[PDB]
file data.cif (mmCIF, C-alpha atoms)
data_final
#
loop_
_atom_site.label_atom_id
_atom_site.label_comp_id
_atom_site.auth_asym_id
_atom_site.auth_seq_id
_atom_site.Cartn_x
_atom_site.Cartn_y
_atom_site.Cartn_z
CA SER A 356 -110.94 -141.30 113.06
CA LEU A 357 -108.69 -141.17 116.14
CA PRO A 358 -104.97 -142.05 115.82
CA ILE A 359 -104.15 -143.67 119.18
CA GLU A 360 -101.89 -146.70 118.58
CA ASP A 361 -100.72 -145.30 115.22
CA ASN A 362 -97.65 -143.88 116.97
CA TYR A 363 -96.86 -147.26 118.54
CA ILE A 364 -97.24 -149.15 115.24
CA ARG A 365 -94.64 -146.78 113.76
CA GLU A 366 -92.43 -147.22 116.85
CA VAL A 367 -92.46 -151.02 116.67
CA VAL A 368 -92.66 -151.68 112.91
CA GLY A 369 -90.58 -149.11 111.04
CA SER A 387 -96.14 -153.33 87.07
CA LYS A 388 -94.28 -150.97 84.74
CA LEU A 389 -93.89 -153.64 82.03
CA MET A 390 -97.61 -154.22 81.54
CA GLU A 391 -98.24 -150.45 81.57
CA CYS A 392 -95.70 -150.16 78.75
CA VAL A 393 -97.45 -153.03 76.93
CA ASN A 394 -100.81 -151.26 77.34
CA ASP A 395 -99.29 -148.01 76.05
CA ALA A 396 -97.86 -149.94 73.08
CA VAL A 397 -101.35 -151.34 72.36
CA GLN A 398 -102.80 -147.81 72.62
CA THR A 399 -100.22 -146.62 70.08
CA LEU A 400 -100.97 -149.60 67.81
CA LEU A 401 -104.70 -148.73 67.92
CA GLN A 402 -104.13 -145.37 66.17
CA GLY A 403 -102.73 -146.23 62.73
CA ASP A 404 -104.20 -148.80 60.36
CA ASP A 405 -100.80 -149.70 58.87
CA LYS A 406 -99.68 -151.70 61.93
CA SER B 356 -84.38 -128.93 127.42
CA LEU B 357 -87.41 -126.78 126.53
CA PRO B 358 -90.21 -128.53 124.61
CA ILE B 359 -90.93 -127.76 120.95
CA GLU B 360 -94.48 -127.28 119.64
CA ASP B 361 -96.08 -130.01 117.52
CA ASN B 362 -96.89 -127.54 114.71
CA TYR B 363 -93.15 -127.08 114.08
CA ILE B 364 -92.41 -130.82 114.21
CA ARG B 365 -95.20 -131.49 111.71
CA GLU B 366 -93.84 -128.62 109.57
CA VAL B 367 -90.25 -129.90 109.47
CA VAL B 368 -91.30 -133.54 109.08
CA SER B 387 -84.71 -149.53 81.16
CA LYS B 388 -88.29 -150.83 80.98
CA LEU B 389 -89.43 -148.10 78.56
CA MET B 390 -87.30 -149.11 75.56
CA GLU B 391 -88.22 -152.80 75.88
CA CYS B 392 -91.64 -152.17 74.28
CA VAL B 393 -91.03 -149.23 71.92
CA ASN B 394 -88.51 -151.10 69.75
CA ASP B 395 -90.96 -154.02 69.55
CA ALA B 396 -93.95 -151.80 68.73
CA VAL B 397 -92.04 -150.11 65.90
CA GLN B 398 -91.24 -153.50 64.35
CA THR B 399 -94.52 -155.32 65.02
CA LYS C 453 -75.71 -131.73 124.61
CA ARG C 454 -72.28 -130.31 125.53
CA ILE C 455 -71.23 -129.95 121.87
CA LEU C 456 -74.40 -128.05 120.92
CA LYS C 457 -73.96 -125.97 124.08
CA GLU C 458 -70.38 -125.02 123.16
CA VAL C 459 -71.42 -124.16 119.58
CA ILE C 460 -73.83 -121.59 121.05
CA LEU C 461 -71.19 -120.43 123.56
CA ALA C 462 -68.44 -119.96 120.96
CA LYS C 463 -69.56 -119.78 117.33
CA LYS C 464 -72.44 -117.31 118.04
CA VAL C 465 -75.14 -118.77 115.81
CA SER C 466 -76.82 -115.87 114.03
CA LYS C 467 -80.50 -116.90 114.33
CA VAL C 468 -81.14 -119.54 117.08
CA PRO C 469 -84.85 -119.99 116.25
CA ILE C 470 -87.28 -119.97 119.17
CA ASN C 471 -89.75 -122.89 119.13
CA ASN C 472 -91.52 -123.11 122.49
CA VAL C 473 -95.05 -123.70 123.76
CA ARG C 474 -94.86 -120.47 125.87
CA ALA C 475 -96.30 -122.34 128.87
CA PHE C 476 -95.21 -124.59 131.73
CA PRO C 477 -97.24 -126.66 134.22
CA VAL C 478 -97.36 -125.67 137.89
CA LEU C 479 -99.00 -127.09 141.01
CA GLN C 480 -102.21 -125.39 142.12
CA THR C 481 -104.04 -125.22 145.43
CA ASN C 482 -106.36 -128.00 146.57
CA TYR C 483 -108.98 -127.53 149.29
CA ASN C 484 -111.94 -129.53 150.55
CA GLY C 485 -115.44 -128.11 150.54
CA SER C 486 -116.93 -126.32 153.51
CA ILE C 487 -120.42 -127.87 153.34
CA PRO C 488 -120.44 -130.95 155.62
CA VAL C 489 -121.06 -134.47 154.35
CA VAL C 490 -124.50 -135.81 155.26
CA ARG C 491 -125.13 -139.53 155.74
CA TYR D 16 -106.30 -175.51 96.64
CA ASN D 17 -109.16 -177.92 95.96
CA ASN D 18 -111.62 -175.08 95.27
CA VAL D 19 -111.36 -171.83 93.32
CA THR D 20 -112.31 -168.35 94.50
CA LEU D 21 -113.24 -165.04 92.87
CA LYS D 22 -109.68 -163.67 93.15
CA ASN D 23 -108.30 -167.00 91.89
CA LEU D 24 -110.57 -167.00 88.82
CA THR D 25 -109.80 -163.34 88.07
CA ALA D 26 -106.05 -163.92 88.45
CA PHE D 27 -106.29 -167.05 86.27
CA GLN D 28 -108.09 -165.12 83.52
CA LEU D 29 -105.56 -162.29 83.82
CA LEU D 30 -102.53 -164.62 83.62
CA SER D 31 -104.07 -166.42 80.64
CA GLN D 32 -104.83 -163.05 79.02
CA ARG D 33 -101.46 -161.30 79.50
CA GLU D 34 -99.43 -164.14 77.97
CA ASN D 35 -101.32 -163.86 74.67
CA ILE D 36 -100.50 -160.17 74.22
CA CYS D 37 -96.97 -160.83 75.52
CA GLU D 38 -96.16 -163.06 72.52
CA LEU D 39 -97.07 -160.54 69.80
CA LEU D 40 -94.37 -158.04 70.80
CA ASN D 41 -91.95 -160.99 71.34
CA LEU D 42 -90.41 -159.81 74.61
CA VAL D 43 -90.62 -163.29 76.18
CA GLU D 44 -88.89 -166.50 75.08
CA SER D 45 -91.66 -169.09 75.77
CA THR D 46 -89.49 -171.91 74.42
CA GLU D 47 -89.24 -174.06 77.56
CA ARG D 48 -93.05 -174.29 77.54
CA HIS D 49 -92.81 -175.29 73.85
CA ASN D 50 -90.04 -177.89 73.65
CA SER D 51 -91.01 -179.73 76.85
CA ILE D 52 -94.53 -180.29 75.47
CA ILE D 53 -93.62 -181.06 71.84
CA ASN D 54 -90.50 -183.20 72.62
CA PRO D 55 -89.50 -184.37 69.10
CA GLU D 56 -87.51 -187.37 70.38
CA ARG D 57 -90.68 -188.46 72.21
CA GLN D 58 -92.59 -187.87 68.95
CA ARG D 59 -90.24 -190.09 66.92
CA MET D 60 -90.35 -192.65 69.75
CA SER D 61 -94.15 -192.52 69.43
CA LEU D 62 -93.86 -193.13 65.67
CA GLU D 63 -91.48 -196.05 66.31
CA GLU D 64 -93.96 -197.50 68.83
CA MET D 65 -96.81 -197.22 66.31
CA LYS D 66 -94.60 -198.91 63.69
CA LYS D 67 -93.80 -201.64 66.24
CA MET D 68 -97.54 -202.10 66.85
CA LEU D 69 -97.99 -202.38 63.06
CA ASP D 70 -95.27 -205.04 62.96
CA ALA D 71 -96.86 -206.89 65.90
CA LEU D 72 -100.41 -206.78 64.50
CA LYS D 73 -99.34 -208.02 61.05
CA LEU E 2 -80.63 -154.75 148.91
CA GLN E 3 -81.31 -151.10 147.98
CA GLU E 4 -78.38 -149.53 149.82
CA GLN E 5 -79.00 -146.22 148.03
CA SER E 6 -82.70 -146.33 149.00
CA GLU E 7 -82.17 -147.31 152.66
CA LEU E 8 -80.31 -144.04 153.30
CA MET E 9 -83.13 -142.14 151.55
CA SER E 10 -85.71 -143.89 153.74
CA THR E 11 -83.64 -143.12 156.86
CA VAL E 12 -83.41 -139.47 155.80
CA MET E 13 -87.15 -139.27 155.10
CA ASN E 14 -87.94 -140.97 158.43
CA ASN E 15 -85.72 -138.43 160.32
CA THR E 16 -84.00 -141.26 162.23
CA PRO E 17 -80.65 -141.82 160.49
CA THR E 18 -78.53 -141.71 163.67
CA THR E 19 -80.13 -144.45 165.79
CA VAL E 20 -79.41 -147.27 163.32
CA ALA E 21 -77.54 -145.63 160.38
CA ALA E 22 -78.25 -148.86 158.39
CA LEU E 23 -75.93 -150.75 160.87
CA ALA E 24 -72.89 -150.80 158.57
CA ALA E 25 -70.84 -153.90 159.42
CA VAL E 26 -69.04 -156.71 157.60
CA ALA E 27 -72.27 -158.69 157.08
CA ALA E 28 -74.72 -155.83 156.39
CA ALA E 29 -72.85 -153.09 154.49
CA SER E 30 -71.22 -155.65 152.17
CA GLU E 31 -74.39 -157.61 151.37
CA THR E 32 -76.40 -154.62 150.10
CA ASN E 33 -73.53 -153.23 148.01
CA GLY E 34 -73.27 -156.33 145.80
CA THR E 45 -66.92 -149.44 148.21
CA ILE E 46 -70.24 -147.75 147.39
CA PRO E 47 -71.53 -148.56 143.85
CA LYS E 48 -70.93 -144.96 142.56
CA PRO E 49 -74.46 -143.53 142.12
CA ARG E 50 -75.15 -141.58 138.95
CA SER E 51 -77.71 -138.97 140.07
CA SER E 52 -77.00 -135.24 140.03
CA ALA E 53 -77.91 -134.20 143.58
CA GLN E 54 -80.70 -136.58 144.67
CA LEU E 55 -78.20 -139.23 145.83
CA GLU E 56 -75.13 -137.03 146.54
CA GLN E 57 -76.68 -134.77 149.19
CA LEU E 58 -77.81 -137.95 150.95
CA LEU E 59 -74.15 -139.01 151.05
CA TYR E 60 -73.23 -135.53 152.34
CA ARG E 61 -75.80 -135.88 155.14
CA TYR E 62 -74.63 -139.46 155.80
CA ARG E 63 -71.09 -138.15 156.25
CA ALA E 64 -72.20 -135.17 158.36
CA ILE E 65 -74.22 -137.30 160.81
CA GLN E 66 -71.58 -140.00 161.39
CA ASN E 67 -68.82 -137.55 162.38
CA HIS E 68 -69.83 -138.04 166.04
CA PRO E 69 -69.33 -141.87 166.56
CA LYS E 70 -66.13 -141.78 164.43
CA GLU E 71 -65.28 -145.49 164.91
CA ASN E 72 -68.49 -147.55 164.64
CA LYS E 73 -68.63 -147.24 160.81
CA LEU E 74 -65.86 -148.61 158.57
CA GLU E 75 -67.16 -147.50 155.14
CA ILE E 76 -66.18 -143.87 155.84
CA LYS E 77 -62.81 -144.50 154.16
CA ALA E 78 -64.61 -145.79 151.05
CA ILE E 79 -66.90 -142.73 151.05
CA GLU E 80 -63.86 -140.44 151.34
CA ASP E 81 -62.14 -142.31 148.49
CA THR E 82 -65.30 -141.85 146.40
CA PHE E 83 -65.24 -138.12 147.22
CA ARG E 84 -61.56 -137.99 146.20
CA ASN E 85 -62.52 -139.65 142.91
CA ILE E 86 -65.34 -137.11 142.43
CA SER E 87 -62.95 -134.20 143.08
CA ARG E 88 -60.35 -135.72 140.73
CA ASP E 89 -62.97 -136.16 137.99
CA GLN E 90 -64.10 -132.55 138.55
CA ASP E 91 -60.52 -131.30 138.17
CA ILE E 92 -59.99 -133.41 135.03
CA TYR E 93 -63.28 -132.10 133.61
CA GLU E 94 -62.25 -128.50 134.31
CA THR E 95 -58.87 -129.03 132.62
CA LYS E 96 -60.61 -130.64 129.63
CA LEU E 97 -63.11 -127.75 129.55
CA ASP E 98 -60.21 -125.28 129.47
CA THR E 99 -58.48 -127.27 126.71
CA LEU E 100 -61.78 -127.44 124.78
CA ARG E 101 -62.35 -123.68 125.11
CA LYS E 102 -58.75 -123.01 124.01
CA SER E 103 -58.96 -125.44 121.05
CA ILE E 104 -61.83 -123.67 119.24
CA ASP E 105 -61.31 -122.81 115.57
CA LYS E 106 -62.03 -119.26 114.44
CA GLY E 107 -64.43 -119.82 111.54
CA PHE E 108 -66.75 -122.63 110.48
CA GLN E 109 -70.02 -120.80 109.58
CA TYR E 110 -72.38 -123.43 110.95
CA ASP E 111 -75.61 -123.62 108.96
CA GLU E 112 -79.20 -123.27 110.19
CA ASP E 113 -80.90 -126.23 108.47
CA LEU E 114 -78.65 -128.84 110.08
CA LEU E 115 -79.19 -127.09 113.43
CA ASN E 116 -82.95 -127.39 112.91
CA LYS E 117 -82.43 -131.07 112.05
CA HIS E 118 -80.39 -131.70 115.22
CA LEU E 119 -82.60 -129.82 117.70
CA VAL E 120 -85.88 -131.54 116.76
CA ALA E 121 -84.27 -134.99 116.88
CA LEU E 122 -82.53 -134.28 120.21
CA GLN E 123 -85.81 -132.99 121.63
CA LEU E 124 -87.73 -136.07 120.48
CA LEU E 125 -85.07 -138.50 121.77
CA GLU E 126 -85.41 -137.16 125.34
CA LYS E 127 -88.88 -138.47 126.21
CA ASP E 128 -88.68 -141.76 124.22
CA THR E 129 -90.86 -141.19 121.17
CA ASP E 130 -90.46 -141.94 117.48
CA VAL E 131 -88.39 -139.67 115.23
CA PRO E 132 -88.01 -140.00 111.44
CA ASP E 133 -84.65 -139.97 109.68
CA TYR E 134 -85.04 -137.38 106.86
CA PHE E 135 -81.26 -137.38 106.30
CA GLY E 187 -100.99 -162.55 113.42
CA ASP E 188 -97.46 -162.39 114.91
CA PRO E 189 -98.24 -162.62 118.66
CA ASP E 190 -94.57 -162.14 119.63
CA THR E 191 -94.58 -158.47 118.56
CA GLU E 192 -98.05 -157.62 119.94
CA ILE E 193 -97.02 -158.13 123.57
CA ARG E 194 -94.28 -155.56 122.86
CA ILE E 195 -96.99 -153.14 121.68
CA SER E 196 -99.14 -153.77 124.77
CA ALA E 197 -96.11 -153.26 127.05
CA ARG E 198 -95.57 -149.82 125.48
CA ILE E 199 -99.27 -148.95 125.79
CA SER E 200 -99.34 -150.00 129.46
CA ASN E 201 -96.10 -148.05 130.04
CA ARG E 202 -97.78 -144.80 128.95
CA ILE E 203 -100.90 -145.75 130.93
CA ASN E 204 -98.84 -146.24 134.11
CA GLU E 205 -96.95 -143.00 133.33
CA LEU E 206 -100.15 -140.96 132.91
CA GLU E 207 -101.59 -142.53 136.08
CA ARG E 208 -98.78 -140.94 138.14
CA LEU E 209 -99.46 -137.26 137.32
CA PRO E 210 -100.84 -134.93 140.02
CA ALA E 211 -104.46 -133.83 139.69
CA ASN E 212 -103.71 -130.27 140.87
CA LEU E 213 -102.02 -129.26 137.62
CA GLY E 214 -102.44 -125.66 136.48
CA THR E 215 -101.04 -123.67 133.56
CA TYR E 216 -99.57 -120.22 133.00
CA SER E 217 -99.12 -118.97 129.45
CA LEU E 218 -97.13 -115.92 128.34
CA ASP E 219 -100.34 -114.20 127.15
CA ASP E 220 -101.97 -113.64 130.56
CA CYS E 221 -100.46 -110.15 131.01
CA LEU E 222 -103.24 -108.66 128.87
CA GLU E 223 -105.84 -110.11 131.28
CA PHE E 224 -104.67 -108.32 134.49
CA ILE E 225 -105.08 -111.17 136.97
CA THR E 226 -105.81 -109.74 140.42
CA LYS E 227 -105.50 -111.58 143.78
CA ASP E 228 -108.90 -113.22 143.11
CA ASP E 229 -109.48 -113.26 139.36
CA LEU E 230 -109.74 -116.90 138.09
CA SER E 231 -108.44 -116.47 134.56
CA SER E 232 -109.81 -118.82 131.89
CA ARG E 233 -106.42 -120.23 130.82
CA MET E 234 -105.60 -122.40 133.84
CA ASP E 235 -106.65 -125.88 132.65
CA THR E 236 -105.22 -125.93 129.12
CA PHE E 237 -102.96 -128.92 129.90
CA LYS E 238 -105.11 -130.78 132.45
CA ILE E 239 -107.65 -131.51 129.70
CA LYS E 240 -104.96 -132.82 127.33
CA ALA E 241 -103.54 -134.96 130.15
CA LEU E 242 -106.95 -136.67 130.43
CA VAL E 243 -107.89 -136.99 126.74
CA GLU E 244 -104.82 -139.20 126.19
CA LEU E 245 -105.48 -141.20 129.38
CA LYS E 246 -109.10 -141.87 128.39
CA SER E 247 -108.27 -142.51 124.73
CA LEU E 248 -105.74 -145.17 125.73
CA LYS E 249 -108.56 -146.85 127.70
CA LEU E 250 -111.23 -146.64 124.97
CA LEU E 251 -108.80 -148.26 122.49
CA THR E 252 -110.56 -151.61 122.97
CA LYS E 253 -113.90 -149.75 122.91
CA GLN E 254 -113.40 -148.31 119.42
CA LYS E 255 -112.20 -151.68 118.08
CA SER E 256 -115.66 -153.17 118.66
CA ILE E 257 -117.26 -150.32 116.69
CA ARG E 258 -114.69 -150.82 113.93
CA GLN E 259 -115.44 -154.57 113.85
CA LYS E 260 -119.16 -153.81 113.65
CA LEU E 261 -118.53 -151.32 110.83
CA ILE E 262 -116.04 -153.22 108.64
CA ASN E 263 -117.92 -156.54 108.89
CA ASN E 264 -121.08 -154.72 107.74
CA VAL E 265 -119.62 -152.62 104.90
CA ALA E 266 -117.34 -155.41 103.60
CA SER E 267 -119.37 -158.58 104.20
CA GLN E 268 -121.34 -158.03 100.98
CA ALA E 269 -118.83 -155.99 98.88
CA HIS E 270 -120.80 -156.66 95.65
CA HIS E 271 -123.90 -154.43 95.86
CA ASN E 272 -122.43 -150.90 96.15
CA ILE E 273 -118.99 -151.33 94.53
CA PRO E 274 -119.63 -151.11 90.76
CA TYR E 275 -116.55 -152.86 89.35
CA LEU E 276 -117.08 -155.93 91.56
CA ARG E 277 -120.77 -156.29 90.65
CA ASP E 278 -120.05 -155.68 86.94
CA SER E 279 -117.82 -158.78 86.79
CA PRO E 280 -118.73 -161.80 84.62
CA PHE E 281 -118.08 -164.30 87.41
CA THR E 282 -119.84 -162.33 90.16
CA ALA E 283 -122.94 -161.47 88.12
CA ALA E 284 -123.32 -165.09 86.96
CA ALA E 285 -122.81 -166.33 90.54
CA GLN E 286 -125.41 -163.95 92.00
CA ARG E 287 -127.78 -164.95 89.20
CA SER E 288 -127.16 -168.69 89.66
CA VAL E 289 -127.55 -168.78 93.47
CA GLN E 290 -131.20 -167.71 93.03
CA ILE E 291 -132.22 -170.73 90.92
CA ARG E 292 -135.47 -172.22 92.20
CA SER E 293 -135.64 -176.02 92.22
CA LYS E 294 -137.43 -177.74 89.35
CA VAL E 295 -140.67 -179.59 90.04
CA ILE E 296 -141.37 -183.09 88.72
CA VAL E 297 -144.45 -183.55 86.48
#

call {"tool": "encode", "arguments": {"input": "data.cif", "output": "structure tokens"}}
result
Amino acid sequence: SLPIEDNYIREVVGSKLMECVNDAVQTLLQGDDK
Amino acid sequence: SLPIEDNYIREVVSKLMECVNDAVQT
Amino acid sequence: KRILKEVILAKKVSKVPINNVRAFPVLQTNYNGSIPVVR
Amino acid sequence: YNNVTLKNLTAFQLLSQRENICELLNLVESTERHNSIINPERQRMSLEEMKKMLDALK
Amino acid sequence: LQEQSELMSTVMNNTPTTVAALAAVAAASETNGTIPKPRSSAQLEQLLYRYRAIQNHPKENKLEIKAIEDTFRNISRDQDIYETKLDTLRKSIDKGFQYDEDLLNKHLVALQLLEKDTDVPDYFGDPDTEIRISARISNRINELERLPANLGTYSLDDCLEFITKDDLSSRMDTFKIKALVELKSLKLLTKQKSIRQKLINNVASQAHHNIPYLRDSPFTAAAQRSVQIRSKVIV
């Protein structure tokens, strides 16, 4: 765990839809009318 | 031109409604 | 550097925070040993 | 691309599984994958070819 | 041909009057491509002062003395213009701006980090880019291999220790250690990569016996079950 070249890497080199679908399924799995 | 300590440098340094309206209907 | 120098010289910044290591490197004495080298 | 891997099989199952739940809420069109496979002018051309084979074999 | 370094070598050799670089039409004009206007503060200006003070005695064997005097006239003219601009700047100061502290803290840290060529954040394969990393590693290696070994420290907390003529306080080598830890960590960089290759290729070569969600998969469990099928005998 020794940062040695981690400075030089930073010097050189500077979804939601399916989560909403899964939340919609979790809301549809609460009431029997849907 | 005096150096600064490292402990000060480290101290300073529409997709929601597309499913709800469909889940209400179906 | 000159602009930030003249701001200190003229505007009289009320805090000017001190952030220093409170140390500076110097050169120290070197001397060879007094016991002779055997071969 | 000749062989399949673990990540490829898992991604294939996931892409085949998301598109089924994507059609219930009806947030995707999925009509270009429908009409290009049904192709009703190709279907009536198929029926005309079978009628032509009936006329040729009788 | 290092015309600014030949005068420094002649000053360090204490023999700048016997040759004086032999300034002629074929020697003083070949190393210059009028002196090229050096940009140092006093490391290359006092050498020109000594080079003028020595050659006052021959007074005709050197023809670049007029160019050196024109350079000194340009330096004096630039000094006078800088003093008039400093007077105009000190007379053109507004009375009140109330300069904040947070922007001052943002400027000072960035201006301190941009001195010694290190990375500063904003807060406002590929072998072509790996040689550029190795050239920055070797730059710091060659910079740390030019420091003197007789480096000692003096903090502002030694006054409570009462250092006598022969005391040997225990806060003398607080920077000599840190000047060697970096130098020997930049050399063991290829040493730790072998240990990392022996660790990652032993904890990730299996990846299906300790990780639960990869061994609880229908494809992986069936594959690990089906690779252990013993061959069927005949009759």

call {"tool": "axis_aligned_box", "arguments": {"input": "data.cif", "around": "range 369-401 of chain A", "padding_each_side": "6 Å", "output": "AutoDock Vina command-line options"}}
result
--center_x -97.6 --center_y -150.4 --center_z 89.4 --size_x 26.1 --size_y 19.6 --size_z 55.2

call {"tool": "atom_distance", "arguments": {"input": "data.cif", "atom1": "CA of residue 361 in chain A", "atom2": "CA of residue 266 in chain E"}}
result
22.7 Å

call {"tool": "closest_residue", "arguments": {"input": "data.cif", "among": "B:362, B:357, B:398, B:367", "to": "chain A", "atoms": "only C-alpha atoms"}}
result
B:398

call {"tool": "atom_distance", "arguments": {"input": "data.cif", "atom1": "CA of residue 44 in chain D", "atom2": "CA of residue 394 in chain B"}}
result
16.3 Å

call {"tool": "interface_residues", "arguments": {"input": "data.cif", "of": "chain D", "to": "chain E", "cutoff": "12 Å", "atoms": "all atoms listed in the file", "output": "list in words"}}
result
residues 19, 20, 21, 22, 23, 24, 25 and 28 of chain D

call {"tool": "write_last_selection", "arguments": {"input": "data.cif", "atoms": "C-alpha atoms", "output": "short mmCIF file (atom, residue, chain, number, x, y, z; two decimals), in the coordinates of the input"}}
result
data_model
loop_
_atom_site.label_atom_id
_atom_site.label_comp_id
_atom_site.auth_asym_id
_atom_site.auth_seq_id
_atom_site.Cartn_x
_atom_site.Cartn_y
_atom_site.Cartn_z
CA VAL D 19 -111.36 -171.83 93.32
CA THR D 20 -112.31 -168.35 94.50
CA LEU D 21 -113.24 -165.04 92.87
CA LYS D 22 -109.68 -163.67 93.15
CA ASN D 23 -108.30 -167.00 91.89
CA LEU D 24 -110.57 -167.00 88.82
CA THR D 25 -109.80 -163.34 88.07
CA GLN D 28 -108.09 -165.12 83.52
#

call {"tool": "atom_distance", "arguments": {"input": "data.cif", "atom1": "CA of residue 364 in chain A", "atom2": "CA of residue 197 in chain E"}}
result
12.6 Å

call {"tool": "resolve_selection", "arguments": {"input": "data.cif", "expression": "the PyMOL selection byres ((chain A) within 7 of (chain E))", "output": "PyMOL selection string"}}
result
chain A and resi 359+363+366

call {"tool": "interface_residues", "arguments": {"input": "data.cif", "of": "chain B", "to": "chain E", "cutoff": "9 Å", "atoms": "only C-alpha atoms", "output": "ChimeraX atom specification"}}
result
/B:356-359,363-364,367-368

call {"tool": "write_last_selection", "arguments": {"input": "data.cif", "atoms": "C-alpha atoms", "output": "compact mmCIF listing (two decimals), in the coordinates of the input"}}
result
# COMPACT_ATOMS: atom_id res chain seq x y z
CA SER B 356 -84.38 -128.93 127.42
CA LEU B 357 -87.41 -126.78 126.53
CA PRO B 358 -90.21 -128.53 124.61
CA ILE B 359 -90.93 -127.76 120.95
CA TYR B 363 -93.15 -127.08 114.08
CA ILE B 364 -92.41 -130.82 114.21
CA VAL B 367 -90.25 -129.90 109.47
CA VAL B 368 -91.30 -133.54 109.08

call {"tool": "interface_residues", "arguments": {"input": "data.cif", "of": "chain C", "to": "chain E", "cutoff": "10 Å", "atoms": "only C-alpha atoms", "output": "list in words"}}
result
residues 453, 456, 458, 459, 461, 462, 463, 464, 465, 466, 467, 468, 469, 471, 473, 474, 475, 476, 477, 478, 479, 480, 481 and 482 of chain C

call {"tool": "closest_atom_pairs", "arguments": {"input": "data.cif", "of": "chain B", "to": "chain D", "cutoff": "7 Å", "atoms": "all atoms listed in the file", "output": "JSON lines"}}
result
{"residue": "B:395", "atom": "CA", "partner": "D:40", "partner_atom": "CA", "distance": 5.4}
{"residue": "B:396", "atom": "CA", "partner": "D:40", "partner_atom": "CA", "distance": 6.6}
{"residue": "B:399", "atom": "CA", "partner": "D:40", "partner_atom": "CA", "distance": 6.4}

call {"tool": "closest_atom_pairs", "arguments": {"input": "data.cif", "of": "chain A", "to": "chain D", "cutoff": "10 Å", "atoms": "only C-alpha atoms", "output": "tab-separated table"}}
result
residue	atom	partner	partner_atom	distance
A:390	CA	D:33	CA	8.3
A:393	CA	D:37	CA	7.9
A:394	CA	D:36	CA	9.4
A:396	CA	D:40	CA	9.1
A:397	CA	D:36	CA	9.1

call {"tool": "closest_residue", "arguments": {"input": "data.cif", "among": "C:490, C:460, C:455, C:472", "to": "chain B", "atoms": "only C-alpha atoms"}}
result
C:472

call {"tool": "interface_residues", "arguments": {"input": "data.cif", "of": "chain A", "to": "chain B", "cutoff": "9 Å", "atoms": "only C-alpha atoms", "output": "ChimeraX atom specification"}}
result
/A:388-389,392-393,395-397,399-400,406
